[PDB]
Amino acid sequence: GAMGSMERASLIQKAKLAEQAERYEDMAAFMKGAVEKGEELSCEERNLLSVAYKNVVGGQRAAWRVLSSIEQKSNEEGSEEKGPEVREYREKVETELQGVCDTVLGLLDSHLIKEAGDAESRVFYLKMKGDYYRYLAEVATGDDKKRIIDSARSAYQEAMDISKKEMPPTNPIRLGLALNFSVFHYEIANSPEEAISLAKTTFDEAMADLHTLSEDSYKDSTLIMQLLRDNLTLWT
Amino acid sequence: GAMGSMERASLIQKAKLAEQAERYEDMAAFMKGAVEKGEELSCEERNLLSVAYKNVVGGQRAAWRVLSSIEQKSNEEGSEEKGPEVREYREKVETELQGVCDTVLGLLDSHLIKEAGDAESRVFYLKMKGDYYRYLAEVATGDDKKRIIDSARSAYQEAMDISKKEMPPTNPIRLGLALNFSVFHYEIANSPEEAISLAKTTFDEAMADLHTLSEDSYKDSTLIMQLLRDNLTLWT
Amino acid sequence: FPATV
Amino acid sequence: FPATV
Ligand SMILES: N=C(N)c1cc(-c2cccc(NC(=O)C3(Oc4ccc(Cl)cc4)CCCC3)c2)cs1
Ligand SMILES: N=C(N)c1cc(-c2cccc(NC(=O)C3(Oc4ccc(Cl)cc4)CCCC3)c2)cs1
């Protein structure tokens with residue numbers, strides 16, 4: 001690790017600076033270095049890690065979608081042969097995306113998840129594990145595609161089971177997990193009905209628990225609830 | 001060069017794909033590979049090169065400015081010592097920026113400028129040379145700062161002299177060169193009066209030549225003329 | 001695309 | 001910042 005010689009606290013400080021500078025590749029590298037110090041992550045540190053890699057892989061996914069769209073058009077009946085270049089470059093971006101996903105999954109497996117005992121950490125990491133297998137699933141086409149999908153499903157399911165036992169229905173981690181698992185059902189698992197049911201039930205159970213919250217907790221929970229509603233509006 | 005084994009035409013094709021995917025680091029790498037094939041660049045290819053590196057260095061400059069601002073605040077009277085991390089990370093981004101600038105300047109020196117005989121290519125490359133020395137000047141603080149500034153000035157001046165002899169006053173390359181040389185005067189050379197004079201004279205001479213243009217050439221020229229006016233409005 | 005966090 | 005192209 002090229003960050004092995006830097007202090008943990010300095011890595012966290014520089015991740016925050018990288019965020020302010022919108023340098024998310026740097027942010028992710030700094031947070032990878034911090035994870036590799038071997039200590040558990042605090043709540044803020046977990047979110048720094050997630051924000052960094054979500055931004056990096058989000059950009060890769062957007063680029064992949066553009067290139068995949070161009071590639072599909074090049075393969076329509078009537079197109080002029082473009083040669084191998086569109087496929088090659090889509091494959092290049094795809095391989096870089098898979099590499100980032102494998103890196104994050106590696107951090108979760110070595111050894112963030114196994115040391116995470118509190119619900120807020122364990123559900124958060126298992127959600128990430130489902131998310132990064134979901135991104136692998138988005139580009140998967142080979143002998144392993146069903147297994148990648150099932151790895152995402154299994155991680156999300158363990159996270160769901162813990163969240164329903166250990167967190168209130170308005171907990172923003174629980175809500176964000178349900179939001180993303182619902183998208184998994186709709187976009188990956190070809191289960192739109194499950195996606196819609198999960199989003200609606202999550203929204204309604206949260207609604208009924210808002211009365212217990214402070215003004216600031218209310219703002220956090222209703223923000224994610226609105227994303228659930230947004231998706232439901234998209235899908236119905 | 002990691003692009004040495006790829007066909008020139010494939011590099012150009014992939015630069016265009018990278019642009020569509022907003023992958024400007026890739027775009028720049030592809031166009032560096034194309035330059036290193038040793039052939040002169042067409043008009044479209046010159047603009048692909050410039051667009052790529054302008055976007056890469058533009059992001060670095062934005063990040064550097066954020067970090068430099070944080071660093072200056074950390075050094076105000078009353079601040080809590082943050083340790084070396086802000087300076088270190090600003091230096092990291094700065095060094096990466098200098099590396100990109102040196103790469104572009106290297107391509108211009110080996111051997112784009114010396115083979116560029118037509119005004120549209122030679123003025124374009126000398127403008128770039130002024131631009132990338134200007135970006136080096138923005139971060140320079142050492143024994144070499146005056147020399148960096150003078151290297152920018154000298155490149156812009158040679159480009160200006162050629163453009164006034166060989167191009168009409170509405171030529172968009174001539175206009176863009178004058179726009180940027182004017183910013184050099186204002187922001188780098190501490191010569192706001194020269195900056196304002198150059199922008200105004202360029203604008204007025206272009207105005208008087210618009211009558212010679214087609215509708216499409218008019219659109220191109222007036223676009224840059226509006227940027228000259230925008231800067232003049234900022235400065236007066 | 002649908003919203004995720 | 002001022003405009004450049
Ligand atoms: N960016 C940083 N420097 C830091 C960010 C945080 C932080 C701590 C707690 C919650 C959030 N919430 C979030 O970011 C959003 O909501 C969720 C909800 C659920 C999940 Cl599982 C993930 C995100 C993401 C979309 C809107 C808010 C952020 C600490 S530091
Ligand atoms: N992006 C691509 N795939 C390609 C772009 C081009 C192309 C060819 C000729 C002119 C322009 N003009 C430009 O981009 C703007 O104007 C100038 C003007 C002067 C200078 Cl010196 C530089 C830019 C930049 C700001 C607005 C327009 C673009 C070909 S291909």
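So you know, we letter chains A, B, ... as the sequences are listed, proteins then strands, and number each from 1. For the numbers below, each heavy atom of this structure counts, side chains included, while hydrogens, waters and symmetry mates do not.
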Under a 4.5 Å heavy-atom cut-off, does chain B meet the side chain of [X], its backbone, both or neither?
| X | result |
| --- | --- |
| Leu67(A) | side chain |
| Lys82(A) | both |
| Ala18(A) | both |
| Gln20(A) | both |

For the residue pair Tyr89(A) and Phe30(B), categorise the inter-ring angle as parallel (less than 30°), tilted (30 to 60°) or perpendicular (more than 60°).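 Plane angle over 60°, so perpendicular.
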With chain A, which of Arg90(B), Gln60(B), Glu22(B), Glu88(B) has the greatest number of heavy-atom pairs at distances under 4.5 Å?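 Greatest number of close heavy-atom pairs with chain A: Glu88(B).
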Just give me the residue among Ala62(A), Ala63(A), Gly83(A) that pairs up with chain B most often, heavy atom to heavy atom, under 4.5 Å.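 Among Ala62(A), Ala63(A), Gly83(A), the one with the most close pairs to chain B is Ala63(A).
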Is a side-chain N or O of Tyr133(A) found less than 3.5 angstrom from the main chain of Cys101(A), in a donor-acceptor match?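 Absent.
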Just wondering, are more than 12 heavy atoms of other shown residues or ligands nearer than 6.0 Å to CD in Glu25(A)?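 Counting other residues, nucleotides and ligands, CD of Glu25(A) stays at 12 neighbours or fewer.
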Start with the C-alpha distance between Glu39(A) and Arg8(A), add both sets of side-chain angles, then the distance that settles salt bridge (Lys or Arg N to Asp or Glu O under 4.0 Å), and finish with yes or no. CA-CA 9 Å; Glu39(A) 302 289 337; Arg8(A) 185 183 192 286; over 6 Å; no
4.5 Å side-chain heavy-atom contact, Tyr156(A) and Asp131(A):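 They are in contact (side-chain heavy atoms under 4.5 Å apart), so the answer is yes.
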